[PDB]
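In the block that follows, a single chain appears as structure tokens, in the form deposited in one PDB entry.
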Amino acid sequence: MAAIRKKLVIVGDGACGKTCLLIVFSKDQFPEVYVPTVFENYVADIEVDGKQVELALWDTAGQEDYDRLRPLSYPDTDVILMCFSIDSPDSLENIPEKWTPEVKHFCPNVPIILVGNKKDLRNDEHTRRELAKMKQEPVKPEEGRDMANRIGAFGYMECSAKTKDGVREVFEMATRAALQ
């Protein structure tokens, strides 16, 4: 029948795999060299239970003037995909301080999902050494659930855009929450 359209907004810190996740979901191909700052004006076809849903993927950035026009993307949203890097936890601790209030103040009563992008780096030796140089450890799944507890988000799933693992169930959960 008619394919409903749901508005999806992906917010997160700089270089936390937002645009890469969107491109992997949409074009099925991980960008090699030229990854855009924002993946904009794309609608993706998805089906969860036979109900076709067109996900209007909206991308936000915090660089140059994109920070100023990021608030204008929030109106009419249906699901919010807050993004943090498993590699660098600084995004994880800065979620509740900045991103959760920002999302809630412009998107009341809207489902919230926080996703652990860069899941492949959890076991990466280089990233582990870089974190140990700064006395840090990769975000644990238990830590992700603990962060979701503070916000009260719809769910927490980890994504690895480079390996194309988890890039589908996250959007399925997002459109399921939007369908509510």
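One-based numbering along the sequence shown.
We do not show the form solved in complex with a small molecule, though everything after this point is about it.
Although the partner is absent from this view, residue 67 contacts the small molecule in the entry with it bound, with a non-hydrogen atom inside 4.5 angstroms.
Put simply, residue 146 is close to the small molecule in the entry with it bound: some heavy atom of it is within 4.5 Å. The small molecule is not drawn, but in the entry with it bound it has a heavy atom within 4.5 Å of residue 102.
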